[PDB]
Amino acid sequence: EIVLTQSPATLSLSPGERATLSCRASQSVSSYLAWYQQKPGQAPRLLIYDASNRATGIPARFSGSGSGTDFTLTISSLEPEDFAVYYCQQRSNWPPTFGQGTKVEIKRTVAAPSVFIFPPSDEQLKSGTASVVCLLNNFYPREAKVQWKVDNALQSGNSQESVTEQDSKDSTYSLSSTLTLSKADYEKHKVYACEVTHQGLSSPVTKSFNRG
Amino acid sequence: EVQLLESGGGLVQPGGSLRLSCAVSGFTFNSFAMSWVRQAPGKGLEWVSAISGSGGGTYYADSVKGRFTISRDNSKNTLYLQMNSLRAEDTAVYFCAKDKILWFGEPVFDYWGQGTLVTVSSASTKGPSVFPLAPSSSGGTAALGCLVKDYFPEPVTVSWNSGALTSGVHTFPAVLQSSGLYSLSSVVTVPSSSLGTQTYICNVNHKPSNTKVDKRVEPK
(Lines give C-alpha, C1' and ligand atoms only; values in the text may rest on other atoms or scores of the structure.)
Protein backbone atom coordinates (compact mmCIF):
# COMPACT_ATOMS: atom_id res chain seq x y z
CA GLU A 1 0.00 0.00 0.00
CA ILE A 2 0.99 3.63 -0.51
CA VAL A 3 2.58 5.39 2.47
CA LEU A 4 1.95 9.13 2.83
CA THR A 5 4.54 11.05 4.87
CA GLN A 6 3.49 14.50 6.05
CA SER A 7 5.87 17.25 7.11
CA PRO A 8 6.35 19.01 9.40
CA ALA A 9 4.76 16.95 12.17
CA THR A 10 3.91 20.16 14.05
CA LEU A 11 3.74 23.78 12.90
CA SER A 12 3.32 26.89 15.06
CA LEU A 13 2.56 30.21 13.35
CA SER A 14 0.70 33.43 14.18
CA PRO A 15 -2.56 34.60 12.58
CA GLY A 16 -1.95 36.32 9.26
CA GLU A 17 1.06 34.15 8.49
CA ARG A 18 1.25 31.81 5.51
CA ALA A 19 1.32 28.09 6.33
CA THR A 20 2.75 25.45 3.98
CA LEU A 21 2.16 21.73 4.66
CA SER A 22 3.79 18.91 2.68
CA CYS A 23 2.64 15.38 1.83
CA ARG A 24 4.97 12.93 0.07
CA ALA A 25 3.83 9.60 -1.39
CA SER A 26 5.91 6.42 -1.48
CA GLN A 27 4.91 6.04 -5.14
CA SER A 28 3.09 8.23 -7.64
CA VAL A 29 -0.57 8.87 -6.88
CA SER A 30 -0.96 11.15 -9.93
CA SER A 31 -3.46 13.81 -8.80
CA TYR A 32 -5.47 11.46 -6.54
CA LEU A 33 -4.67 13.36 -3.34
CA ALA A 34 -7.05 15.05 -0.88
CA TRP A 35 -6.60 17.22 2.21
CA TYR A 36 -8.81 17.24 5.32
CA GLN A 37 -8.95 19.50 8.36
CA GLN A 38 -9.87 17.94 11.72
CA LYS A 39 -10.58 20.10 14.76
CA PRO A 40 -10.82 18.54 18.24
CA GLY A 41 -13.88 16.37 18.78
CA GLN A 42 -15.01 16.86 15.17
CA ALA A 43 -15.03 14.70 12.08
CA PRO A 44 -12.55 15.56 9.31
CA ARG A 45 -13.61 18.30 6.89
CA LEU A 46 -12.69 17.97 3.22
CA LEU A 47 -10.62 20.98 2.12
CA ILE A 48 -9.01 19.90 -1.16
CA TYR A 49 -9.79 17.05 -3.54
CA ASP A 50 -7.67 15.63 -6.36
CA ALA A 51 -4.65 17.76 -5.45
CA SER A 52 -5.80 21.22 -6.53
CA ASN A 53 -9.59 21.61 -6.17
CA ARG A 54 -11.37 23.34 -3.30
CA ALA A 55 -14.33 21.44 -1.93
CA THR A 56 -17.71 23.15 -1.90
CA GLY A 57 -17.79 26.17 0.40
CA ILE A 58 -14.10 26.04 1.34
CA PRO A 59 -12.72 29.60 1.67
CA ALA A 60 -10.13 30.79 -0.80
CA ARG A 61 -7.31 30.93 1.76
CA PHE A 62 -7.01 27.14 1.47
CA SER A 63 -5.31 25.91 -1.69
CA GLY A 64 -3.60 22.75 -2.87
CA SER A 65 -0.92 21.94 -5.41
CA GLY A 66 1.35 19.15 -6.58
CA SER A 67 1.31 15.80 -8.32
CA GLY A 68 3.04 12.45 -8.58
CA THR A 69 4.71 12.03 -5.20
CA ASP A 70 4.83 15.60 -3.82
CA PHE A 71 1.89 17.74 -2.64
CA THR A 72 1.41 21.02 -0.78
CA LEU A 73 -1.51 22.41 1.22
CA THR A 74 -1.35 26.18 1.72
CA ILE A 75 -3.24 28.41 4.13
CA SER A 76 -2.47 31.86 2.73
CA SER A 77 -3.30 33.78 5.93
CA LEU A 78 -3.87 31.83 9.13
CA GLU A 79 -6.83 32.50 11.42
CA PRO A 80 -7.16 31.42 15.07
CA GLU A 81 -9.91 29.00 14.01
CA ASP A 82 -7.39 27.15 11.80
CA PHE A 83 -5.92 25.31 14.80
CA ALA A 84 -6.37 21.70 13.74
CA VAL A 85 -4.72 18.52 12.47
CA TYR A 86 -4.43 18.40 8.67
CA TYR A 87 -4.37 15.03 6.89
CA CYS A 88 -3.60 14.07 3.32
CA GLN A 89 -5.23 11.03 1.73
CA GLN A 90 -4.60 9.18 -1.53
CA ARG A 91 -7.17 7.40 -3.69
CA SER A 92 -4.86 6.13 -6.43
CA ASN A 93 -4.53 2.58 -5.11
CA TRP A 94 -6.46 0.39 -2.65
CA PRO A 95 -6.53 0.72 0.28
CA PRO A 96 -7.04 4.47 0.50
CA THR A 97 -4.42 5.67 2.97
CA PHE A 98 -3.92 8.77 5.11
CA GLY A 99 -0.83 10.61 6.20
CA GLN A 100 -0.06 10.85 9.90
CA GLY A 101 -1.15 14.49 10.06
CA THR A 102 0.40 17.90 10.66
CA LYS A 103 -0.75 19.57 13.88
CA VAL A 104 -1.11 23.33 13.36
CA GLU A 105 -0.94 25.39 16.55
CA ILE A 106 -1.78 29.08 16.36
CA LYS A 107 0.76 31.32 18.02
CA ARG A 108 -0.56 34.29 19.95
CA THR A 109 1.00 36.88 22.23
CA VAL A 110 1.89 35.89 25.77
CA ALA A 111 -1.06 35.64 28.17
CA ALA A 112 -0.59 34.96 31.87
CA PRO A 113 -2.87 32.41 33.56
CA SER A 114 -5.70 33.31 35.89
CA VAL A 115 -5.19 30.98 38.86
CA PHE A 116 -8.05 29.62 40.99
CA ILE A 117 -8.05 27.00 43.75
CA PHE A 118 -10.93 24.77 44.87
CA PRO A 119 -10.93 22.80 48.15
CA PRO A 120 -12.63 19.40 48.31
CA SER A 121 -16.39 19.45 48.61
CA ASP A 122 -18.09 18.26 51.78
CA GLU A 123 -19.96 15.69 49.68
CA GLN A 124 -16.69 14.13 48.51
CA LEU A 125 -15.25 14.15 52.03
CA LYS A 126 -18.06 11.79 53.06
CA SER A 127 -16.30 9.20 50.88
CA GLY A 128 -12.74 9.05 52.24
CA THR A 129 -10.97 10.83 49.36
CA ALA A 130 -10.22 14.54 48.94
CA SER A 131 -9.57 16.24 45.59
CA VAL A 132 -8.00 19.72 45.55
CA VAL A 133 -8.24 21.44 42.17
CA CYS A 134 -6.01 24.22 40.82
CA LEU A 135 -7.16 25.94 37.62
CA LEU A 136 -4.92 27.95 35.27
CA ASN A 137 -7.31 29.77 32.96
CA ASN A 138 -6.71 31.23 29.49
CA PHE A 139 -2.94 31.42 29.09
CA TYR A 140 -0.31 31.15 26.36
CA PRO A 141 2.13 29.54 25.69
CA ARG A 142 1.09 26.06 26.74
CA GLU A 143 4.08 25.41 29.00
CA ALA A 144 3.38 26.02 32.68
CA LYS A 145 4.62 24.57 35.96
CA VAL A 146 2.25 23.77 38.82
CA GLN A 147 3.65 22.83 42.23
CA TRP A 148 1.48 21.72 45.15
CA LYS A 149 2.32 22.54 48.76
CA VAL A 150 0.53 21.21 51.84
CA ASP A 151 1.62 23.06 55.00
CA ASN A 152 4.52 24.34 52.86
CA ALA A 153 5.62 20.76 52.05
CA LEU A 154 6.17 20.17 48.34
CA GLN A 155 4.00 17.37 46.97
CA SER A 156 5.13 14.73 44.48
CA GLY A 157 3.41 11.86 42.71
CA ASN A 158 -0.13 12.64 43.90
CA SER A 159 -1.31 15.13 41.26
CA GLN A 160 -2.58 14.84 37.68
CA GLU A 161 -2.82 17.52 34.99
CA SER A 162 -5.17 18.07 32.08
CA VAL A 163 -4.85 20.75 29.39
CA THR A 164 -7.65 21.90 27.11
CA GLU A 165 -7.19 22.00 23.37
CA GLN A 166 -6.20 25.42 22.09
CA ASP A 167 -9.18 27.76 21.99
CA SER A 168 -10.41 28.31 18.44
CA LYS A 169 -11.16 32.01 19.00
CA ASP A 170 -8.44 33.42 21.29
CA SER A 171 -5.81 30.63 20.97
CA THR A 172 -5.30 30.23 24.73
CA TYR A 173 -5.06 27.12 26.89
CA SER A 174 -6.48 26.22 30.27
CA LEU A 175 -5.02 23.65 32.65
CA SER A 176 -6.36 21.77 35.65
CA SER A 177 -4.15 20.13 38.27
CA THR A 178 -5.87 17.77 40.70
CA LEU A 179 -4.16 16.80 43.96
CA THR A 180 -5.66 13.61 45.40
CA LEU A 181 -5.30 12.96 49.14
CA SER A 182 -6.89 10.66 51.65
CA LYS A 183 -9.52 12.36 53.78
CA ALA A 184 -7.35 11.59 56.82
CA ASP A 185 -4.29 13.27 55.30
CA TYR A 186 -6.41 16.22 54.16
CA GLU A 187 -7.82 16.74 57.67
CA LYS A 188 -4.32 16.54 59.18
CA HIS A 189 -3.09 19.72 57.47
CA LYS A 190 -4.04 23.39 57.22
CA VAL A 191 -2.70 25.37 54.24
CA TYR A 192 -3.15 24.13 50.66
CA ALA A 193 -1.33 26.06 47.94
CA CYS A 194 -0.71 25.72 44.22
CA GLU A 195 2.21 27.72 42.83
CA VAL A 196 2.26 28.51 39.11
CA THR A 197 5.27 29.41 36.97
CA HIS A 198 4.60 30.77 33.48
CA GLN A 199 6.33 33.01 30.94
CA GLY A 200 3.55 35.61 31.26
CA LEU A 201 4.23 36.09 34.97
CA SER A 202 7.09 38.25 36.23
CA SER A 203 7.38 35.94 39.26
CA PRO A 204 5.54 32.73 40.22
CA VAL A 205 2.01 33.15 41.61
CA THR A 206 0.63 31.18 44.56
CA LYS A 207 -3.05 30.56 45.29
CA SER A 208 -3.91 29.00 48.63
CA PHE A 209 -6.67 28.29 51.12
CA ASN A 210 -6.96 27.13 54.71
CA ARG A 211 -9.02 24.02 55.44
CA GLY A 212 -12.01 25.09 57.53
CA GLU B 1 -28.35 19.87 4.17
CA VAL B 2 -26.35 16.62 4.00
CA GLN B 3 -26.42 14.80 7.35
CA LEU B 4 -24.83 11.52 8.47
CA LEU B 5 -26.08 10.53 11.93
CA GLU B 6 -24.27 7.65 13.65
CA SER B 7 -25.57 5.28 16.31
CA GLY B 8 -24.40 2.16 18.12
CA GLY B 9 -21.18 3.14 19.86
CA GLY B 10 -20.27 2.18 23.39
CA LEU B 11 -18.56 -0.47 25.49
CA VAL B 12 -18.13 -4.01 24.17
CA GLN B 13 -16.22 -6.93 25.63
CA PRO B 14 -13.15 -8.29 23.81
CA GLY B 15 -14.16 -11.07 21.46
CA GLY B 16 -17.64 -9.55 21.28
CA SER B 17 -19.66 -8.15 18.40
CA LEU B 18 -21.17 -4.72 17.84
CA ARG B 19 -23.08 -3.01 15.03
CA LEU B 20 -22.75 0.64 14.05
CA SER B 21 -25.32 2.43 11.93
CA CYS B 22 -25.29 5.68 9.97
CA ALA B 23 -28.61 7.20 8.85
CA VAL B 24 -28.23 9.75 6.07
CA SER B 25 -30.30 12.58 4.64
CA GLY B 26 -29.90 15.42 2.17
CA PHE B 27 -28.64 13.44 -0.83
CA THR B 28 -29.56 10.44 -2.97
CA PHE B 29 -28.06 7.71 -0.79
CA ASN B 30 -27.93 4.87 -3.32
CA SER B 31 -26.03 6.97 -5.87
CA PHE B 32 -22.90 7.02 -3.71
CA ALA B 33 -20.40 4.58 -2.29
CA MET B 34 -19.94 4.84 1.47
CA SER B 35 -17.08 4.03 3.82
CA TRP B 36 -16.22 3.52 7.45
CA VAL B 37 -13.03 5.18 8.75
CA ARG B 38 -11.72 4.86 12.29
CA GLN B 39 -9.39 6.79 14.59
CA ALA B 40 -7.84 5.25 17.68
CA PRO B 41 -7.52 7.70 20.61
CA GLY B 42 -4.68 10.12 19.93
CA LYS B 43 -3.90 8.51 16.56
CA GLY B 44 -4.56 9.14 12.88
CA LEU B 45 -7.29 8.17 10.44
CA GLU B 46 -7.52 4.63 9.08
CA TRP B 47 -9.94 3.49 6.39
CA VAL B 48 -11.94 0.42 7.44
CA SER B 49 -14.32 -0.56 4.64
CA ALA B 50 -16.19 0.65 1.57
CA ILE B 51 -19.44 -0.35 -0.14
CA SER B 52 -20.80 0.56 -3.56
CA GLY B 53 -24.05 2.43 -4.08
CA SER B 54 -26.21 -0.64 -4.72
CA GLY B 55 -24.10 -2.08 -3.10
CA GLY B 56 -22.92 -5.35 -4.54
CA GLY B 57 -19.30 -4.37 -4.13
CA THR B 58 -17.46 -4.28 -0.82
CA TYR B 59 -13.83 -3.61 0.10
CA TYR B 60 -12.11 -4.15 3.44
CA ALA B 61 -8.90 -3.13 5.13
CA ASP B 62 -6.66 -6.13 5.75
CA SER B 63 -6.96 -5.58 9.52
CA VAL B 64 -10.73 -6.28 9.53
CA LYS B 65 -11.19 -8.75 6.68
CA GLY B 66 -13.18 -11.80 7.74
CA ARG B 67 -14.68 -10.31 10.91
CA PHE B 68 -16.28 -6.99 9.84
CA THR B 69 -19.12 -6.70 7.32
CA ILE B 70 -20.19 -3.42 5.73
CA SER B 71 -23.76 -3.29 4.45
CA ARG B 72 -26.51 -0.85 3.58
CA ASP B 73 -30.30 -0.63 3.55
CA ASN B 74 -31.03 1.83 0.76
CA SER B 75 -34.77 1.78 1.47
CA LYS B 76 -33.90 3.02 4.99
CA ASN B 77 -31.06 5.35 3.89
CA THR B 78 -28.82 3.57 6.38
CA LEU B 79 -25.24 2.27 6.32
CA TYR B 80 -24.07 -0.45 8.71
CA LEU B 81 -20.86 -1.94 10.05
CA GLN B 82 -21.29 -5.29 11.83
CA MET B 83 -18.11 -6.05 13.79
CA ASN B 84 -17.01 -9.34 15.35
CA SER B 85 -14.09 -10.72 17.36
CA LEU B 86 -13.24 -7.29 18.71
CA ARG B 87 -9.89 -6.58 20.35
CA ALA B 88 -8.35 -3.64 22.20
CA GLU B 89 -6.78 -2.51 18.92
CA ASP B 90 -10.32 -1.93 17.57
CA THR B 91 -11.03 0.72 20.24
CA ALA B 92 -11.59 3.86 18.20
CA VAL B 93 -13.93 6.58 17.10
CA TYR B 94 -15.72 5.24 14.02
CA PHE B 95 -16.90 7.66 11.31
CA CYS B 96 -19.16 6.96 8.38
CA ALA B 97 -18.23 8.89 5.26
CA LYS B 98 -19.78 9.60 1.87
CA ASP B 99 -17.77 9.28 -1.34
CA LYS B 100 -17.70 12.57 -3.24
CA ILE B 101 -17.17 10.74 -6.54
CA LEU B 102 -19.84 8.67 -8.25
CA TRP B 103 -19.30 4.94 -8.93
CA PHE B 104 -17.20 2.49 -6.93
CA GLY B 105 -13.70 3.82 -7.46
CA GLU B 106 -11.34 4.68 -4.66
CA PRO B 107 -13.04 7.36 -2.53
CA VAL B 108 -12.45 10.87 -1.33
CA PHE B 109 -14.89 11.82 1.41
CA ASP B 110 -16.96 15.00 1.15
CA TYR B 111 -19.30 14.40 4.13
CA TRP B 112 -18.68 12.62 7.43
CA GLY B 113 -20.70 11.40 10.36
CA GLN B 114 -20.09 12.86 13.81
CA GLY B 115 -18.17 9.76 14.92
CA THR B 116 -18.98 7.41 17.75
CA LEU B 117 -16.60 5.82 20.24
CA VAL B 118 -16.31 2.03 20.45
CA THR B 119 -14.43 0.93 23.58
CA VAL B 120 -13.29 -2.71 23.61
CA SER B 121 -12.64 -3.62 27.24
CA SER B 122 -13.58 -6.25 29.81
CA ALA B 123 -13.83 -3.60 32.54
CA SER B 124 -17.31 -2.88 33.87
CA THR B 125 -19.35 0.26 33.32
CA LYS B 126 -19.28 2.70 36.24
CA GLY B 127 -21.27 5.91 36.55
CA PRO B 128 -19.51 9.01 37.85
CA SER B 129 -19.77 10.93 41.07
CA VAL B 130 -20.33 14.66 40.61
CA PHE B 131 -18.92 17.11 43.16
CA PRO B 132 -19.12 20.92 43.18
CA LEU B 133 -16.10 23.16 42.67
CA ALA B 134 -16.45 26.46 44.54
CA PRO B 135 -13.84 28.77 46.09
CA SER B 136 -13.10 28.75 49.80
CA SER B 137 -14.83 32.16 50.13
CA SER B 138 -11.63 36.99 45.46
CA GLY B 139 -12.20 39.34 42.52
CA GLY B 140 -14.76 40.46 39.92
CA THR B 141 -14.74 37.08 38.14
CA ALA B 142 -15.81 33.87 39.87
CA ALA B 143 -14.74 30.38 38.80
CA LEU B 144 -17.24 27.59 39.43
CA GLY B 145 -17.28 24.03 38.24
CA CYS B 146 -18.03 20.40 38.85
CA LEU B 147 -15.64 17.47 39.20
CA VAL B 148 -16.83 14.30 37.44
CA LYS B 149 -14.95 11.46 39.13
CA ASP B 150 -14.60 7.68 38.85
CA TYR B 151 -16.42 6.68 35.66
CA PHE B 152 -15.86 4.16 32.88
CA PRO B 153 -15.77 4.15 29.96
CA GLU B 154 -15.48 7.40 28.07
CA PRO B 155 -17.23 9.66 27.31
CA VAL B 156 -19.19 11.97 29.56
CA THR B 157 -20.82 15.15 28.33
CA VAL B 158 -21.14 18.25 30.50
CA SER B 159 -23.43 21.19 29.86
CA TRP B 160 -24.21 24.22 32.01
CA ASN B 161 -27.73 25.51 32.71
CA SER B 162 -29.11 22.95 30.23
CA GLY B 163 -26.97 24.44 27.45
CA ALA B 164 -27.89 28.09 28.08
CA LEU B 165 -24.39 28.77 29.50
CA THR B 166 -21.62 28.23 26.96
CA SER B 167 -19.32 31.26 27.11
CA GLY B 168 -16.36 30.81 29.43
CA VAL B 169 -16.90 27.06 29.76
CA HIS B 170 -13.86 24.76 29.78
CA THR B 171 -14.53 21.03 29.98
CA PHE B 172 -11.17 19.35 30.41
CA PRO B 173 -9.97 16.16 28.73
CA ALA B 174 -10.58 13.18 30.97
CA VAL B 175 -7.59 11.77 32.85
CA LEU B 176 -7.15 8.07 33.52
CA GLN B 177 -6.52 7.57 37.23
CA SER B 178 -4.43 4.76 38.69
CA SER B 179 -7.68 3.00 39.62
CA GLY B 180 -8.53 2.58 35.93
CA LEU B 181 -11.45 5.03 36.20
CA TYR B 182 -11.66 8.38 34.44
CA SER B 183 -11.91 11.81 36.01
CA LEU B 184 -12.43 15.27 34.57
CA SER B 185 -13.55 18.72 35.64
CA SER B 186 -15.73 21.27 33.90
CA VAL B 187 -15.31 24.91 34.89
CA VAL B 188 -16.93 28.21 33.95
CA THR B 189 -16.08 31.80 34.83
CA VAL B 190 -18.95 34.20 35.49
CA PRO B 191 -19.34 37.73 36.93
CA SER B 192 -19.09 37.82 40.71
CA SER B 193 -22.29 39.89 40.79
CA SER B 194 -24.27 37.19 38.97
CA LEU B 195 -23.63 34.83 41.89
CA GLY B 196 -26.24 36.74 43.89
CA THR B 197 -28.93 36.38 41.22
CA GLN B 198 -28.13 33.58 38.76
CA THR B 199 -28.28 29.85 39.47
CA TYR B 200 -25.54 27.61 38.07
CA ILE B 201 -26.32 23.94 37.41
CA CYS B 202 -23.96 21.51 35.69
CA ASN B 203 -25.59 18.70 33.70
CA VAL B 204 -23.46 15.54 33.50
CA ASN B 205 -24.46 12.77 31.09
CA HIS B 206 -22.80 9.34 31.07
CA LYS B 207 -24.68 7.27 28.50
CA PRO B 208 -22.77 3.95 29.00
CA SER B 209 -24.16 3.88 32.57
CA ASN B 210 -27.47 5.68 31.84
CA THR B 211 -26.50 8.33 34.40
CA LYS B 212 -27.88 11.88 34.21
CA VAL B 213 -26.89 14.15 37.11
CA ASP B 214 -27.75 17.82 37.65
CA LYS B 215 -25.51 19.37 40.34
CA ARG B 216 -26.21 22.90 41.66
CA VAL B 217 -22.95 24.76 42.34
CA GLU B 218 -23.37 27.49 44.97
CA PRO B 219 -20.84 29.48 47.05
CA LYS B 220 -19.98 27.53 50.18
# chains A, B, ... in the order shown; residues from 1 in each chain; ligands from 1
>>> residues_around(residues="residue A:4", least_positions_apart="4", cutoff="8 Å", atoms="only C-alpha atoms", output="list in words")
residues 23, 24, 25, 26, 88, 89, 90, 97, 98, 99 and 100 of chain A
>>> residues_around(residues="stretch 195-207 of chain B", least_positions_apart="3", cutoff="8 Å", atoms="only C-alpha atoms", output="PyMOL selection string")
chain B and resi 127-128+130+145-146+148+155-162+190-192+210-219
>>> write_last_selection(atoms="N, CA, C and O atoms", output="CSV table (one decimal), in the first residue's frame")
chain,number,residue,atom,x,y,z
B,127,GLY,N,-20.8,4.5,36.6
B,127,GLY,CA,-21.3,5.9,36.6
B,127,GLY,C,-20.4,6.8,37.4
B,127,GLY,O,-19.8,6.3,38.4
B,128,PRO,N,-20.4,8.1,37.1
B,128,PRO,CA,-19.5,9.0,37.8
B,128,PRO,C,-20.2,9.6,39.1
B,128,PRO,O,-21.4,9.6,39.2
B,130,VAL,N,-20.4,13.3,41.0
B,130,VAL,CA,-20.3,14.7,40.6
B,130,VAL,C,-20.2,15.5,41.9
B,130,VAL,O,-21.1,15.5,42.7
B,145,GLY,N,-17.4,25.2,39.1
B,145,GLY,CA,-17.3,24.0,38.2
B,145,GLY,C,-17.9,22.8,38.9
B,145,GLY,O,-18.5,22.9,40.0
B,146,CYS,N,-17.8,21.7,38.2
B,146,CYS,CA,-18.0,20.4,38.8
B,146,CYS,C,-17.0,19.4,38.4
B,146,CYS,O,-16.5,19.4,37.3
B,148,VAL,N,-16.2,15.5,37.9
B,148,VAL,CA,-16.8,14.3,37.4
B,148,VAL,C,-15.8,13.2,37.6
B,148,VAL,O,-14.9,13.1,36.8
B,155,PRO,N,-17.4,8.3,26.8
B,155,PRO,CA,-17.2,9.7,27.3
B,155,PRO,C,-18.3,10.1,28.3
B,155,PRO,O,-19.3,9.4,28.4
B,156,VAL,N,-18.1,11.2,28.9
B,156,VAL,CA,-19.2,12.0,29.6
B,156,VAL,C,-19.4,13.3,28.8
B,156,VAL,O,-18.4,13.7,28.1
B,157,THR,N,-20.6,13.8,28.8
B,157,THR,CA,-20.8,15.1,28.3
B,157,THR,C,-21.2,16.0,29.5
B,157,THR,O,-21.9,15.6,30.4
B,158,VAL,N,-20.8,17.3,29.5
B,158,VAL,CA,-21.1,18.2,30.5
B,158,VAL,C,-21.7,19.5,29.8
B,158,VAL,O,-21.1,20.0,28.9
B,159,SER,N,-22.9,19.9,30.3
B,159,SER,CA,-23.4,21.2,29.9
B,159,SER,C,-23.6,22.0,31.1
B,159,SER,O,-23.6,21.5,32.2
B,160,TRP,N,-23.9,23.3,30.9
B,160,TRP,CA,-24.2,24.2,32.0
B,160,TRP,C,-25.5,24.9,31.8
B,160,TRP,O,-25.8,25.4,30.7
B,161,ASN,N,-26.4,24.9,32.8
B,161,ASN,CA,-27.7,25.5,32.7
B,161,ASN,C,-28.5,25.0,31.5
B,161,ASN,O,-29.1,25.7,30.7
B,162,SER,N,-28.4,23.7,31.3
B,162,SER,CA,-29.1,23.0,30.2
B,162,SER,C,-28.7,23.5,28.9
B,162,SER,O,-29.5,23.5,27.9
B,190,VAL,N,-17.8,33.4,35.6
B,190,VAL,CA,-19.0,34.2,35.5
B,190,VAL,C,-18.7,35.5,36.2
B,190,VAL,O,-17.7,35.6,37.0
B,191,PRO,N,-19.5,36.5,36.1
B,191,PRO,CA,-19.3,37.7,36.9
B,191,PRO,C,-19.6,37.4,38.4
B,191,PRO,O,-20.5,36.6,38.7
B,192,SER,N,-18.9,38.0,39.3
B,192,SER,CA,-19.1,37.8,40.7
B,192,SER,C,-20.5,38.3,41.1
B,192,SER,O,-21.1,37.8,42.0
B,210,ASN,N,-26.1,5.1,31.8
B,210,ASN,CA,-27.5,5.7,31.8
B,210,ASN,C,-27.6,6.7,33.0
B,210,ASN,O,-28.6,6.8,33.6
B,211,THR,N,-26.5,7.4,33.3
B,211,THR,CA,-26.5,8.3,34.4
B,211,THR,C,-26.7,9.8,33.9
B,211,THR,O,-26.0,10.2,33.0
B,212,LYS,N,-27.6,10.5,34.5
B,212,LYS,CA,-27.9,11.9,34.2
B,212,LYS,C,-28.0,12.6,35.5
B,212,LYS,O,-29.0,12.5,36.2
B,213,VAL,N,-27.0,13.4,35.8
B,213,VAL,CA,-26.9,14.1,37.1
B,213,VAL,C,-27.0,15.6,36.8
B,213,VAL,O,-26.3,16.1,35.9
B,214,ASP,N,-27.7,16.4,37.7
B,214,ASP,CA,-27.7,17.8,37.7
B,214,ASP,C,-27.3,18.3,39.0
B,214,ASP,O,-28.0,18.1,40.0
B,215,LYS,N,-26.1,18.9,39.1
B,215,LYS,CA,-25.5,19.4,40.3
B,215,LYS,C,-25.5,20.9,40.4
B,215,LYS,O,-24.8,21.5,39.6
B,216,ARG,N,-26.2,21.5,41.4
B,216,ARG,CA,-26.2,22.9,41.7
B,216,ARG,C,-24.9,23.3,42.3
B,216,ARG,O,-24.5,22.7,43.3
B,217,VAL,N,-24.2,24.3,41.8
B,217,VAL,CA,-23.0,24.8,42.3
B,217,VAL,C,-23.2,26.2,42.9
B,217,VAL,O,-23.5,27.1,42.2
B,218,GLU,N,-23.1,26.3,44.2
B,218,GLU,CA,-23.4,27.5,45.0
B,218,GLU,C,-22.1,27.8,45.8
B,218,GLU,O,-21.3,27.0,46.1
B,219,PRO,N,-21.9,29.1,46.1
B,219,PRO,CA,-20.8,29.5,47.0
B,219,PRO,C,-21.0,28.8,48.4
B,219,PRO,O,-22.1,28.9,49.0
>>> interface_residues(of="chain A", to="chain B", cutoff="7 Å", atoms="only C-alpha atoms", output="list in words")
residues 34, 42, 43, 46, 91, 92, 94, 95, 96, 97, 98, 100, 101, 117, 118, 119, 121, 123, 124, 162, 163, 164 and 209 of chain A
>>> residues_around(residues="stretch 64-73 of chain B", least_positions_apart="4", cutoff="12 Å", atoms="only C-alpha atoms", output="PyMOL selection string")
chain B and resi 15-24+29-30+32-38+46-60+77-87+89-90+96
>>> select_by_dssp(residues="stretch 46-151 of chain A", states="strand (DSSP E or B)", output="PyMOL selection string")
chain A and resi 46-49+53-54+62-67+70-75+84-90+97-98+102-106+111+114-118+129-140+145-150
>>> residues_around(residues="residue A:160", least_positions_apart="6", cutoff="7 Å", atoms="only C-alpha atoms", output="NGL selection string")
:A and (177-179)
>>> write_last_selection(atoms="N, CA, C and O atoms", output="PDB file, in the first residue's frame")
ATOM      1  N   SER A 177      -5.017  21.032  37.523  1.00  0.00           N
ATOM      2  CA  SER A 177      -4.154  20.127  38.268  1.00  0.00           C
ATOM      3  C   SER A 177      -4.929  19.664  39.488  1.00  0.00           C
ATOM      4  O   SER A 177      -5.373  20.487  40.293  1.00  0.00           O
ATOM      5  N   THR A 178      -5.102  18.357  39.617  1.00  0.00           N
ATOM      6  CA  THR A 178      -5.869  17.772  40.704  1.00  0.00           C
ATOM      7  C   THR A 178      -4.921  17.029  41.631  1.00  0.00           C
ATOM      8  O   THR A 178      -4.210  16.115  41.197  1.00  0.00           O
ATOM      9  N   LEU A 179      -4.902  17.448  42.893  1.00  0.00           N
ATOM     10  CA  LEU A 179      -4.160  16.796  43.960  1.00  0.00           C
ATOM     11  C   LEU A 179      -5.122  15.880  44.704  1.00  0.00           C
ATOM     12  O   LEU A 179      -6.153  16.339  45.208  1.00  0.00           O
TER      13      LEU A 179
END
>>> atom_distance(atom1="atom CA of residue A:145", atom2="atom CA of residue A:166")
17.6 Å
